[PDB]
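In terms of the entry's author numbering, the sequence shown is residues 8 to 69, 73 to 239. Here's the structure, in structure tokens; my notes come after.
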Amino acid sequence: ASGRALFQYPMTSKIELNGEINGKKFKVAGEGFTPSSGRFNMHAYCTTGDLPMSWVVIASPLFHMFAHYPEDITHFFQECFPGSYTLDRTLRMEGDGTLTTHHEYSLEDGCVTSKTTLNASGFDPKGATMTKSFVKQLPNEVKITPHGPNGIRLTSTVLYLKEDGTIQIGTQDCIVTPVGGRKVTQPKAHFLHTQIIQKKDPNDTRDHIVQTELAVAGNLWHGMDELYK
Ligand SMILES: [Cl-]
Ligand SMILES: [Cl-]
Ligand SMILES: [Cl-]
């Protein structure tokens, strides 16, 4: 059983995230549900106190294997199993700071566990990330291309809405690498439409978020694959 055969829904998730921003250390944990392909949630919470950054900015650090892929594009993230992959991210909040994340995953009993680290340095203490002045991030198309002999690269530019109704940009660039000592067939260049919706659980007493991601792959520009060898 491998690949898409291993991703029979419903499934669940867990996360453990160790972080630091501008010298402030913190941790997050969470559990989530994946009812069906492409719709995946996460209820996460800060276990060290209040989160020292925006929940909106931490949303992309908080599971591409749950994306919904049509049959005509390779689902690289799912094809990495068994064996797994790592994700390495850089998120530049333009005019403000840069963070990086590293993710490792394992799959057991229908649950994907993420163990992630986050490092963020140089942020403005009156910026929106540290003052928690974001409301949401807008939906976006992540561009996925073959990268090196055995990985992929994911790139996006994200619009973050502040409380005053204006936008800040985050430039995001990620590399995914199979860690399974085996060759995984690269997909053609394509796009991943992604939306994040966040809310609060009225009862939960912790600093937390309840997040859903909807992620659907498509060959949005059929000529694009020709540019990536
Ligand atoms: Cl927030
Ligand atoms: Cl990404
Ligand atoms: Cl493909």
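Ideal placement from N, C-alpha and C gives every residue a C-beta, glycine not left out.
Going by DSSP, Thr155 is part of no alpha helix (DSSP H) but of the beta strand (DSSP E) stretching over 150–157.
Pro156 sits away from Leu117, with the two beta carbons spaced by 9 Å or more. Annotated three-state conformation of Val63 is coil, per DSSP. Taking a contact as a CB-CB distance under 8 Å, the pair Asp183 and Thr96 does not count as one, their CB atoms being some 15 Å apart.
In this structure, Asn150 sits away from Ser131, with a CB-CB distance that is not shorter than 9 Å.
Relative to ligand 2, the beta carbon of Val145 is positioned no closer than 8 Å to any heavy atom. DSSP places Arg46 in the strand class (E or B) of the three-state scheme. Burial is judged here by how many other beta carbons sit within 10 angstroms of a residue's own beta carbon; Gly26 has at least 16 and is buried. With a cutoff of 8 Å, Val63 counts as near ligand 1, since its C-beta is closer than that to a heavy atom of the ligand. The Cβ-Cβ distance between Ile154 and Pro197 falls below 9 Å. Between ligand 1 and the CB of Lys193, the shortest heavy atom gap is not smaller than 8 Å. A Cβ-Cβ distance of about 5 Å is found for the pair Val122 and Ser20, placing them in contact under the 8 Å criterion. In this structure the region 216–235 does not touch the region 102–121; the number of beta carbon pairs closer than 8 Å is below three. One residue after another in chain order, those with a Cβ under 5 Å from a heavy atom of ligand 2 are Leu164, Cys184.
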